[PDB]
$ cat entry-v8.txt   # compact mmCIF, N, CA, C and O atoms
# COMPACT_ATOMS: atom_id res chain seq x y z
N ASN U 49 -101.14 126.29 71.00
CA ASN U 49 -101.44 127.58 70.40
C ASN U 49 -101.14 128.71 71.39
O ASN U 49 -101.13 128.48 72.60
N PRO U 50 -100.89 129.92 70.89
CA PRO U 50 -100.68 131.05 71.82
C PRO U 50 -101.90 131.37 72.66
O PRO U 50 -101.75 132.00 73.71
N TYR U 51 -103.09 130.95 72.23
CA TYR U 51 -104.29 131.21 73.02
C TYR U 51 -104.28 130.42 74.33
O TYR U 51 -104.97 130.80 75.28
N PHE U 52 -103.52 129.32 74.38
CA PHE U 52 -103.45 128.53 75.61
C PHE U 52 -102.82 129.32 76.75
O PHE U 52 -103.06 129.01 77.92
N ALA U 53 -102.02 130.34 76.43
CA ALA U 53 -101.41 131.15 77.48
C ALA U 53 -102.47 131.85 78.32
O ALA U 53 -102.35 131.93 79.55
N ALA U 54 -103.52 132.36 77.68
CA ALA U 54 -104.60 133.00 78.42
C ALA U 54 -105.34 131.99 79.28
O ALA U 54 -105.36 132.10 80.51
N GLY U 55 -105.95 130.99 78.66
CA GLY U 55 -106.66 129.96 79.39
C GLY U 55 -107.79 130.49 80.25
O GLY U 55 -107.84 130.21 81.45
N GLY U 56 -108.69 131.26 79.65
CA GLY U 56 -109.78 131.88 80.37
C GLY U 56 -111.05 131.07 80.46
O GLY U 56 -112.08 131.60 80.91
N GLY U 57 -111.03 129.80 80.04
CA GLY U 57 -112.24 128.99 80.09
C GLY U 57 -112.71 128.68 81.50
O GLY U 57 -113.90 128.43 81.71
N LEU U 58 -111.79 128.70 82.47
CA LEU U 58 -112.18 128.44 83.85
C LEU U 58 -113.15 129.49 84.36
O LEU U 58 -114.01 129.19 85.19
N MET U 59 -113.04 130.73 83.88
CA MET U 59 -114.02 131.76 84.21
C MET U 59 -115.40 131.34 83.70
O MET U 59 -116.41 131.48 84.41
N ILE U 60 -115.46 130.81 82.48
CA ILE U 60 -116.73 130.36 81.91
C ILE U 60 -117.31 129.23 82.75
O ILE U 60 -118.50 129.22 83.06
N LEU U 61 -116.47 128.26 83.13
CA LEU U 61 -116.94 127.15 83.95
C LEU U 61 -117.42 127.64 85.31
O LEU U 61 -118.42 127.15 85.84
N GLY U 62 -116.71 128.60 85.90
CA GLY U 62 -117.12 129.14 87.19
C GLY U 62 -118.47 129.82 87.12
O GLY U 62 -119.33 129.62 87.98
N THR U 63 -118.67 130.65 86.09
CA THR U 63 -119.97 131.29 85.91
C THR U 63 -121.07 130.25 85.68
O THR U 63 -122.16 130.36 86.24
N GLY U 64 -120.78 129.23 84.87
CA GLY U 64 -121.78 128.21 84.60
C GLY U 64 -122.18 127.46 85.86
O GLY U 64 -123.37 127.26 86.12
N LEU U 65 -121.20 127.04 86.66
CA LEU U 65 -121.52 126.29 87.87
C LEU U 65 -122.16 127.18 88.92
O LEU U 65 -123.01 126.70 89.68
N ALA U 66 -121.80 128.47 88.98
CA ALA U 66 -122.48 129.37 89.91
C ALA U 66 -123.95 129.54 89.53
O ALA U 66 -124.83 129.49 90.40
N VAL U 67 -124.22 129.73 88.24
CA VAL U 67 -125.61 129.86 87.79
C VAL U 67 -126.36 128.56 88.05
O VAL U 67 -127.53 128.58 88.46
N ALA U 68 -125.72 127.42 87.81
CA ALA U 68 -126.35 126.14 88.07
C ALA U 68 -126.66 125.97 89.56
O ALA U 68 -127.73 125.48 89.92
N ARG U 69 -125.73 126.39 90.42
CA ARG U 69 -125.96 126.30 91.86
C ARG U 69 -127.14 127.17 92.27
O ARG U 69 -128.00 126.73 93.05
N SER U 70 -127.21 128.40 91.75
CA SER U 70 -128.33 129.27 92.09
C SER U 70 -129.65 128.68 91.61
O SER U 70 -130.65 128.67 92.34
N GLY U 71 -129.67 128.17 90.37
CA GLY U 71 -130.89 127.58 89.85
C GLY U 71 -131.33 126.36 90.63
O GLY U 71 -132.52 126.18 90.90
N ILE U 72 -130.38 125.51 91.00
CA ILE U 72 -130.71 124.30 91.76
C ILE U 72 -131.20 124.67 93.15
O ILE U 72 -132.10 124.02 93.70
N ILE U 73 -130.60 125.70 93.75
CA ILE U 73 -131.05 126.14 95.07
C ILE U 73 -132.49 126.65 94.98
O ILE U 73 -133.32 126.32 95.83
N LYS U 74 -132.79 127.44 93.96
CA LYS U 74 -134.16 127.92 93.80
C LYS U 74 -135.13 126.77 93.55
O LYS U 74 -136.24 126.74 94.09
N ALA U 75 -134.72 125.80 92.73
CA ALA U 75 -135.56 124.64 92.46
C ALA U 75 -135.86 123.88 93.75
O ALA U 75 -137.03 123.60 94.06
N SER U 76 -134.82 123.56 94.52
CA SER U 76 -135.03 122.87 95.79
C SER U 76 -135.87 123.71 96.74
O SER U 76 -136.65 123.17 97.53
N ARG U 77 -135.74 125.04 96.67
CA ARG U 77 -136.59 125.92 97.45
C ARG U 77 -138.04 125.79 97.03
O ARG U 77 -138.95 126.04 97.83
N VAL U 78 -138.28 125.41 95.77
CA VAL U 78 -139.64 125.17 95.30
C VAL U 78 -140.01 123.70 95.45
O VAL U 78 -141.17 123.38 95.74
N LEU U 79 -139.05 122.79 95.25
CA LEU U 79 -139.36 121.36 95.29
C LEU U 79 -139.88 120.93 96.65
O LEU U 79 -140.85 120.17 96.72
N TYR U 80 -139.25 121.39 97.73
CA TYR U 80 -139.72 121.00 99.05
C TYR U 80 -141.15 121.46 99.30
O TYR U 80 -141.98 120.67 99.76
N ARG U 81 -141.48 122.68 98.88
CA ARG U 81 -142.79 123.25 99.16
C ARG U 81 -143.78 122.94 98.05
O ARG U 81 -144.90 123.47 98.08
N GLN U 82 -143.41 122.13 97.06
CA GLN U 82 -144.32 121.77 95.99
C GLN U 82 -144.88 120.37 96.22
O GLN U 82 -146.06 120.12 95.95
N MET U 83 -144.05 119.44 96.71
CA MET U 83 -144.49 118.08 97.02
C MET U 83 -144.09 117.61 98.41
O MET U 83 -144.87 116.93 99.08
N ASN J 49 -99.97 117.90 83.87
CA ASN J 49 -100.77 118.27 82.71
C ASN J 49 -100.72 119.79 82.50
O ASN J 49 -100.47 120.53 83.45
N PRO J 50 -100.97 120.25 81.27
CA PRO J 50 -101.02 121.71 81.05
C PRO J 50 -102.14 122.39 81.80
O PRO J 50 -102.07 123.61 82.01
N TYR J 51 -103.17 121.65 82.21
CA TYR J 51 -104.26 122.26 82.96
C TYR J 51 -103.81 122.71 84.35
O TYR J 51 -104.43 123.59 84.95
N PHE J 52 -102.73 122.12 84.86
CA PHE J 52 -102.21 122.52 86.17
C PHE J 52 -101.73 123.96 86.17
O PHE J 52 -101.68 124.59 87.23
N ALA J 53 -101.37 124.50 85.00
CA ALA J 53 -100.92 125.89 84.94
C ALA J 53 -102.03 126.84 85.38
O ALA J 53 -101.76 127.81 86.09
N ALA J 54 -103.27 126.57 84.97
CA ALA J 54 -104.38 127.41 85.40
C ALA J 54 -104.61 127.29 86.90
O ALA J 54 -104.49 128.28 87.64
N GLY J 55 -104.93 126.09 87.37
CA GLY J 55 -105.14 125.87 88.79
C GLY J 55 -106.25 126.72 89.38
O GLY J 55 -106.03 127.42 90.37
N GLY J 56 -107.43 126.67 88.77
CA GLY J 56 -108.55 127.48 89.20
C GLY J 56 -109.46 126.85 90.24
O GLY J 56 -110.52 127.41 90.53
N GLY J 57 -109.07 125.71 90.82
CA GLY J 57 -109.92 125.07 91.81
C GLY J 57 -110.05 125.85 93.10
O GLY J 57 -111.04 125.69 93.82
N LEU J 58 -109.06 126.69 93.41
CA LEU J 58 -109.14 127.50 94.62
C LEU J 58 -110.33 128.45 94.58
O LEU J 58 -110.91 128.77 95.63
N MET J 59 -110.70 128.93 93.39
CA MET J 59 -111.92 129.72 93.26
C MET J 59 -113.13 128.91 93.67
O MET J 59 -114.01 129.40 94.39
N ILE J 60 -113.18 127.64 93.25
CA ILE J 60 -114.30 126.77 93.62
C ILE J 60 -114.34 126.58 95.13
O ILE J 60 -115.40 126.65 95.75
N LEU J 61 -113.18 126.32 95.74
CA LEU J 61 -113.13 126.14 97.18
C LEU J 61 -113.55 127.41 97.91
O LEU J 61 -114.24 127.36 98.93
N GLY J 62 -113.12 128.57 97.41
CA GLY J 62 -113.50 129.83 98.03
C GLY J 62 -115.00 130.06 97.98
O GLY J 62 -115.61 130.46 98.98
N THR J 63 -115.61 129.82 96.82
CA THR J 63 -117.06 129.95 96.72
C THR J 63 -117.76 128.96 97.64
O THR J 63 -118.74 129.31 98.31
N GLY J 64 -117.27 127.72 97.70
CA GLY J 64 -117.90 126.73 98.56
C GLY J 64 -117.84 127.11 100.02
O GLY J 64 -118.85 127.04 100.73
N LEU J 65 -116.67 127.55 100.49
CA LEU J 65 -116.55 127.92 101.90
C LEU J 65 -117.30 129.21 102.21
O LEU J 65 -117.81 129.35 103.32
N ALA J 66 -117.38 130.14 101.26
CA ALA J 66 -118.18 131.34 101.49
C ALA J 66 -119.66 130.99 101.63
O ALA J 66 -120.35 131.50 102.53
N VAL J 67 -120.17 130.13 100.75
CA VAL J 67 -121.56 129.71 100.84
C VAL J 67 -121.79 128.95 102.15
O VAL J 67 -122.83 129.13 102.80
N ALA J 68 -120.84 128.10 102.54
CA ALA J 68 -120.97 127.37 103.79
C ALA J 68 -120.99 128.33 104.98
O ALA J 68 -121.77 128.14 105.92
N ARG J 69 -120.14 129.36 104.95
CA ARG J 69 -120.12 130.34 106.03
C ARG J 69 -121.45 131.07 106.12
O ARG J 69 -121.99 131.26 107.21
N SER J 70 -122.00 131.49 104.98
CA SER J 70 -123.29 132.18 104.99
C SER J 70 -124.39 131.27 105.52
O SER J 70 -125.21 131.68 106.35
N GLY J 71 -124.41 130.01 105.07
CA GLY J 71 -125.43 129.09 105.53
C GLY J 71 -125.32 128.80 107.02
O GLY J 71 -126.33 128.74 107.73
N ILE J 72 -124.09 128.64 107.51
CA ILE J 72 -123.89 128.36 108.93
C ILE J 72 -124.26 129.58 109.77
O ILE J 72 -124.81 129.45 110.87
N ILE J 73 -123.97 130.78 109.26
CA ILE J 73 -124.35 131.99 109.98
C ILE J 73 -125.87 132.08 110.07
O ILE J 73 -126.42 132.39 111.14
N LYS J 74 -126.57 131.81 108.97
CA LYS J 74 -128.03 131.84 109.01
C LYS J 74 -128.57 130.77 109.96
O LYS J 74 -129.52 131.02 110.71
N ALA J 75 -127.98 129.57 109.93
CA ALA J 75 -128.42 128.51 110.83
C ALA J 75 -128.27 128.93 112.29
O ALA J 75 -129.21 128.84 113.08
N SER J 76 -127.08 129.41 112.65
CA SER J 76 -126.85 129.88 114.02
C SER J 76 -127.79 131.03 114.36
O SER J 76 -128.22 131.17 115.51
N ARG J 77 -128.12 131.87 113.38
CA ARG J 77 -129.09 132.93 113.58
C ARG J 77 -130.46 132.35 113.89
O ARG J 77 -131.28 133.00 114.57
N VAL J 78 -130.74 131.14 113.41
CA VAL J 78 -131.99 130.46 113.72
C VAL J 78 -131.82 129.56 114.94
O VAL J 78 -132.75 129.42 115.75
N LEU J 79 -130.66 128.93 115.09
CA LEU J 79 -130.45 127.98 116.19
C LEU J 79 -130.61 128.64 117.55
O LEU J 79 -131.25 128.07 118.44
N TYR J 80 -130.02 129.82 117.73
CA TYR J 80 -130.13 130.49 119.02
C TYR J 80 -131.58 130.80 119.36
O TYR J 80 -132.03 130.52 120.48
N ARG J 81 -132.36 131.26 118.38
CA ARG J 81 -133.73 131.68 118.62
C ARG J 81 -134.71 130.53 118.45
O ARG J 81 -135.93 130.76 118.50
N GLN J 82 -134.23 129.30 118.22
CA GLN J 82 -135.12 128.15 118.07
C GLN J 82 -135.13 127.34 119.36
O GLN J 82 -136.19 126.83 119.75
N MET J 83 -133.98 127.20 120.02
CA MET J 83 -133.90 126.47 121.28
C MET J 83 -133.16 127.25 122.37
O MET J 83 -133.57 127.20 123.54

$ encode --input "entry-v8.txt" --output "structure tokens"
Amino acid sequence: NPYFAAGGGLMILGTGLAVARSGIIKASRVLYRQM
Amino acid sequence: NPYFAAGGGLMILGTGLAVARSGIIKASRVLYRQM
């Protein structure tokens, strides 16, 4: 399809993994000091 | 594969090395004043 030329889904994946990294970092920041 | 046209992994590597640089800078900021 002509939409394949854009191929902007990698931006979505990058935002998703960045948010996941931030959330996991905050969790581990709480996990160590919780147990 | 058609996914090679995008080639967005360099963004992932850049984010990883930037985070590593920040973490190492903070560590050295603690390492000098710890020992």

$ interface_residues --input "entry-v8.txt" --of "chain U" --to "chain J" --cutoff "9 Å" --atoms "only C-alpha atoms" --output "compact mmCIF listing (two decimals) with N, CA, C and O atoms, in the frame of the given file"
# COMPACT_ATOMS: atom_id res chain seq x y z
N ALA U 54 -103.52 132.36 77.68
CA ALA U 54 -104.60 133.00 78.42
C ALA U 54 -105.34 131.99 79.28
O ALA U 54 -105.36 132.10 80.51
N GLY U 55 -105.95 130.99 78.66
CA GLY U 55 -106.66 129.96 79.39
C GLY U 55 -107.79 130.49 80.25
O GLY U 55 -107.84 130.21 81.45
N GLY U 56 -108.69 131.26 79.65
CA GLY U 56 -109.78 131.88 80.37
C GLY U 56 -111.05 131.07 80.46
O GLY U 56 -112.08 131.60 80.91
N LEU U 58 -111.79 128.70 82.47
CA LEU U 58 -112.18 128.44 83.85
C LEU U 58 -113.15 129.49 84.36
O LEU U 58 -114.01 129.19 85.19
N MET U 59 -113.04 130.73 83.88
CA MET U 59 -114.02 131.76 84.21
C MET U 59 -115.40 131.34 83.70
O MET U 59 -116.41 131.48 84.41
N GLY U 62 -116.71 128.60 85.90
CA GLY U 62 -117.12 129.14 87.19
C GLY U 62 -118.47 129.82 87.12
O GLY U 62 -119.33 129.62 87.98
N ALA U 66 -121.80 128.47 88.98
CA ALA U 66 -122.48 129.37 89.91
C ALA U 66 -123.95 129.54 89.53
O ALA U 66 -124.83 129.49 90.40

$ calpha_fit_and_write --input "entry-v8.txt" --fixed "chain J" --moving "chain U" --output "PDB file with N, CA, C and O atoms, in the frame of the given file"
ATOM      1  N   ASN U  49     -99.972 117.907  83.874  1.00  0.00           N
ATOM      2  CA  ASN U  49    -100.769 118.275  82.714  1.00  0.00           C
ATOM      3  C   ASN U  49    -100.726 119.791  82.499  1.00  0.00           C
ATOM      4  O   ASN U  49    -100.467 120.539  83.443  1.00  0.00           O
ATOM      5  N   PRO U  50    -100.969 120.249  81.271  1.00  0.00           N
ATOM      6  CA  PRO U  50    -101.018 121.709  81.047  1.00  0.00           C
ATOM      7  C   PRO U  50    -102.142 122.394  81.800  1.00  0.00           C
ATOM      8  O   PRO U  50    -102.063 123.606  82.012  1.00  0.00           O
ATOM      9  N   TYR U  51    -103.171 121.651  82.208  1.00  0.00           N
ATOM     10  CA  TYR U  51    -104.263 122.261  82.961  1.00  0.00           C
ATOM     11  C   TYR U  51    -103.803 122.714  84.348  1.00  0.00           C
ATOM     12  O   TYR U  51    -104.437 123.584  84.951  1.00  0.00           O
ATOM     13  N   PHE U  52    -102.720 122.119  84.862  1.00  0.00           N
ATOM     14  CA  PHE U  52    -102.215 122.520  86.176  1.00  0.00           C
ATOM     15  C   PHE U  52    -101.729 123.964  86.175  1.00  0.00           C
ATOM     16  O   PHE U  52    -101.682 124.598  87.232  1.00  0.00           O
ATOM     17  N   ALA U  53    -101.371 124.497  85.004  1.00  0.00           N
ATOM     18  CA  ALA U  53    -100.924 125.885  84.938  1.00  0.00           C
ATOM     19  C   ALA U  53    -102.025 126.839  85.379  1.00  0.00           C
ATOM     20  O   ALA U  53    -101.765 127.819  86.090  1.00  0.00           O
ATOM     21  N   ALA U  54    -103.265 126.571  84.976  1.00  0.00           N
ATOM     22  CA  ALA U  54    -104.380 127.409  85.399  1.00  0.00           C
ATOM     23  C   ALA U  54    -104.609 127.291  86.896  1.00  0.00           C
ATOM     24  O   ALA U  54    -104.488 128.273  87.635  1.00  0.00           O
ATOM     25  N   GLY U  55    -104.931 126.097  87.372  1.00  0.00           N
ATOM     26  CA  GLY U  55    -105.144 125.872  88.787  1.00  0.00           C
ATOM     27  C   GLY U  55    -106.251 126.721  89.381  1.00  0.00           C
ATOM     28  O   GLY U  55    -106.032 127.420  90.372  1.00  0.00           O
ATOM     29  N   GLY U  56    -107.432 126.672  88.777  1.00  0.00           N
ATOM     30  CA  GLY U  56    -108.552 127.481  89.204  1.00  0.00           C
ATOM     31  C   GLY U  56    -109.452 126.858  90.243  1.00  0.00           C
ATOM     32  O   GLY U  56    -110.524 127.415  90.534  1.00  0.00           O
ATOM     33  N   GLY U  57    -109.068 125.712  90.817  1.00  0.00           N
ATOM     34  CA  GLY U  57    -109.917 125.066  91.809  1.00  0.00           C
ATOM     35  C   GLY U  57    -110.050 125.850  93.102  1.00  0.00           C
ATOM     36  O   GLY U  57    -111.045 125.695  93.816  1.00  0.00           O
ATOM     37  N   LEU U  58    -109.061 126.696  93.410  1.00  0.00           N
ATOM     38  CA  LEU U  58    -109.141 127.500  94.622  1.00  0.00           C
ATOM     39  C   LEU U  58    -110.322 128.452  94.581  1.00  0.00           C
ATOM     40  O   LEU U  58    -110.905 128.764  95.621  1.00  0.00           O
ATOM     41  N   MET U  59    -110.703 128.926  93.394  1.00  0.00           N
ATOM     42  CA  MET U  59    -111.913 129.730  93.252  1.00  0.00           C
ATOM     43  C   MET U  59    -113.131 128.905  93.673  1.00  0.00           C
ATOM     44  O   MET U  59    -114.018 129.400  94.389  1.00  0.00           O
ATOM     45  N   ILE U  60    -113.184 127.643  93.251  1.00  0.00           N
ATOM     46  CA  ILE U  60    -114.298 126.767  93.615  1.00  0.00           C
ATOM     47  C   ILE U  60    -114.341 126.575  95.125  1.00  0.00           C
ATOM     48  O   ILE U  60    -115.402 126.652  95.742  1.00  0.00           O
ATOM     49  N   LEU U  61    -113.180 126.320  95.740  1.00  0.00           N
ATOM     50  CA  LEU U  61    -113.129 126.139  97.186  1.00  0.00           C
ATOM     51  C   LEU U  61    -113.546 127.412  97.911  1.00  0.00           C
ATOM     52  O   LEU U  61    -114.238 127.359  98.930  1.00  0.00           O
ATOM     53  N   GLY U  62    -113.121 128.570  97.408  1.00  0.00           N
ATOM     54  CA  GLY U  62    -113.500 129.833  98.030  1.00  0.00           C
ATOM     55  C   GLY U  62    -114.995 130.063  97.988  1.00  0.00           C
ATOM     56  O   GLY U  62    -115.606 130.463  98.980  1.00  0.00           O
ATOM     57  N   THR U  63    -115.606 129.821  96.822  1.00  0.00           N
ATOM     58  CA  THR U  63    -117.056 129.950  96.718  1.00  0.00           C
ATOM     59  C   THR U  63    -117.766 128.958  97.644  1.00  0.00           C
ATOM     60  O   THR U  63    -118.738 129.312  98.310  1.00  0.00           O
ATOM     61  N   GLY U  64    -117.270 127.721  97.702  1.00  0.00           N
ATOM     62  CA  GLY U  64    -117.899 126.725  98.554  1.00  0.00           C
ATOM     63  C   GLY U  64    -117.841 127.116 100.021  1.00  0.00           C
ATOM     64  O   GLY U  64    -118.846 127.031 100.734  1.00  0.00           O
ATOM     65  N   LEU U  65    -116.674 127.554 100.493  1.00  0.00           N
ATOM     66  CA  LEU U  65    -116.548 127.918 101.900  1.00  0.00           C
ATOM     67  C   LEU U  65    -117.292 129.205 102.208  1.00  0.00           C
ATOM     68  O   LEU U  65    -117.815 129.348 103.320  1.00  0.00           O
ATOM     69  N   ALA U  66    -117.380 130.144 101.255  1.00  0.00           N
ATOM     70  CA  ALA U  66    -118.181 131.343 101.491  1.00  0.00           C
ATOM     71  C   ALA U  66    -119.662 130.993 101.631  1.00  0.00           C
ATOM     72  O   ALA U  66    -120.340 131.497 102.535  1.00  0.00           O
ATOM     73  N   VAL U  67    -120.161 130.128 100.750  1.00  0.00           N
ATOM     74  CA  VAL U  67    -121.563 129.709 100.843  1.00  0.00           C
ATOM     75  C   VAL U  67    -121.790 128.953 102.146  1.00  0.00           C
ATOM     76  O   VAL U  67    -122.828 129.126 102.801  1.00  0.00           O
ATOM     77  N   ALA U  68    -120.847 128.102 102.537  1.00  0.00           N
ATOM     78  CA  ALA U  68    -120.969 127.373 103.785  1.00  0.00           C
ATOM     79  C   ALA U  68    -120.988 128.329 104.982  1.00  0.00           C
ATOM     80  O   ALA U  68    -121.769 128.141 105.914  1.00  0.00           O
ATOM     81  N   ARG U  69    -120.139 129.358 104.945  1.00  0.00           N
ATOM     82  CA  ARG U  69    -120.118 130.339 106.027  1.00  0.00           C
ATOM     83  C   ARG U  69    -121.449 131.071 106.114  1.00  0.00           C
ATOM     84  O   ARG U  69    -121.992 131.254 107.215  1.00  0.00           O
ATOM     85  N   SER U  70    -122.000 131.488 104.968  1.00  0.00           N
ATOM     86  CA  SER U  70    -123.286 132.176 104.989  1.00  0.00           C
ATOM     87  C   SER U  70    -124.387 131.268 105.523  1.00  0.00           C
ATOM     88  O   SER U  70    -125.211 131.680 106.350  1.00  0.00           O
ATOM     89  N   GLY U  71    -124.412 130.010 105.061  1.00  0.00           N
ATOM     90  CA  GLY U  71    -125.425 129.085 105.535  1.00  0.00           C
ATOM     91  C   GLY U  71    -125.316 128.806 107.019  1.00  0.00           C
ATOM     92  O   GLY U  71    -126.326 128.741 107.724  1.00  0.00           O
ATOM     93  N   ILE U  72    -124.094 128.637 107.509  1.00  0.00           N
ATOM     94  CA  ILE U  72    -123.888 128.362 108.934  1.00  0.00           C
ATOM     95  C   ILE U  72    -124.270 129.577 109.764  1.00  0.00           C
ATOM     96  O   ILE U  72    -124.812 129.446 110.870  1.00  0.00           O
ATOM     97  N   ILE U  73    -123.970 130.775 109.258  1.00  0.00           N
ATOM     98  CA  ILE U  73    -124.347 131.989 109.980  1.00  0.00           C
ATOM     99  C   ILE U  73    -125.872 132.081 110.070  1.00  0.00           C
ATOM    100  O   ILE U  73    -126.414 132.392 111.133  1.00  0.00           O
ATOM    101  N   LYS U  74    -126.562 131.808 108.973  1.00  0.00           N
ATOM    102  CA  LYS U  74    -128.021 131.838 109.013  1.00  0.00           C
ATOM    103  C   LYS U  74    -128.576 130.775 109.956  1.00  0.00           C
ATOM    104  O   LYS U  74    -129.523 131.019 110.710  1.00  0.00           O
ATOM    105  N   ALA U  75    -127.987 129.578 109.932  1.00  0.00           N
ATOM    106  CA  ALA U  75    -128.420 128.510 110.824  1.00  0.00           C
ATOM    107  C   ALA U  75    -128.261 128.929 112.284  1.00  0.00           C
ATOM    108  O   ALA U  75    -129.213 128.830 113.076  1.00  0.00           O
ATOM    109  N   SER U  76    -127.075 129.417 112.648  1.00  0.00           N
ATOM    110  CA  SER U  76    -126.859 129.878 114.016  1.00  0.00           C
ATOM    111  C   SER U  76    -127.786 131.034 114.360  1.00  0.00           C
ATOM    112  O   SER U  76    -128.220 131.168 115.509  1.00  0.00           O
ATOM    113  N   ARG U  77    -128.120 131.874 113.374  1.00  0.00           N
ATOM    114  CA  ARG U  77    -129.095 132.929 113.583  1.00  0.00           C
ATOM    115  C   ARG U  77    -130.462 132.353 113.892  1.00  0.00           C
ATOM    116  O   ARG U  77    -131.279 133.000 114.559  1.00  0.00           O
ATOM    117  N   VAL U  78    -130.738 131.138 113.405  1.00  0.00           N
ATOM    118  CA  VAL U  78    -131.992 130.464 113.724  1.00  0.00           C
ATOM    119  C   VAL U  78    -131.824 129.561 114.939  1.00  0.00           C
ATOM    120  O   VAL U  78    -132.756 129.423 115.741  1.00  0.00           O
ATOM    121  N   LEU U  79    -130.654 128.931 115.092  1.00  0.00           N
ATOM    122  CA  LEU U  79    -130.459 127.980 116.188  1.00  0.00           C
ATOM    123  C   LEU U  79    -130.605 128.642 117.546  1.00  0.00           C
ATOM    124  O   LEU U  79    -131.244 128.073 118.436  1.00  0.00           O
ATOM    125  N   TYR U  80    -130.018 129.823 117.728  1.00  0.00           N
ATOM    126  CA  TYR U  80    -130.137 130.488 119.017  1.00  0.00           C
ATOM    127  C   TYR U  80    -131.587 130.801 119.360  1.00  0.00           C
ATOM    128  O   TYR U  80    -132.030 130.519 120.477  1.00  0.00           O
ATOM    129  N   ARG U  81    -132.362 131.253 118.376  1.00  0.00           N
ATOM    130  CA  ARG U  81    -133.733 131.675 118.624  1.00  0.00           C
ATOM    131  C   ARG U  81    -134.710 130.526 118.444  1.00  0.00           C
ATOM    132  O   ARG U  81    -135.927 130.760 118.490  1.00  0.00           O
ATOM    133  N   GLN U  82    -134.236 129.303 118.215  1.00  0.00           N
ATOM    134  CA  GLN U  82    -135.116 128.160 118.067  1.00  0.00           C
ATOM    135  C   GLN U  82    -135.137 127.339 119.353  1.00  0.00           C
ATOM    136  O   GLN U  82    -136.191 126.829 119.748  1.00  0.00           O
ATOM    137  N   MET U  83    -133.983 127.191 120.016  1.00  0.00           N
ATOM    138  CA  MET U  83    -133.894 126.471 121.286  1.00  0.00           C
ATOM    139  C   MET U  83    -133.165 127.241 122.376  1.00  0.00           C
ATOM    140  O   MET U  83    -133.569 127.194 123.540  1.00  0.00           O
TER     141      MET U  83
END

$ atom_distance --input "entry-v8.txt" --atom1 "atom C of residue J:49" --atom2 "atom O of residue U:52"
10.6 Å

$ select_by_dssp --input "entry-v8.txt" --residues "chain U" --states "alpha helix (DSSP H)" --output "ChimeraX atom specification"
/U:57-82

$ atom_distance --input "entry-v8.txt" --atom1 "atom CA of residue U:61" --atom2 "atom CA of residue U:76"
22.0 Å

$ atom_distance --input "entry-v8.txt" --atom1 "atom N of residue J:64" --atom2 "atom C of residue U:67"
13.3 Å
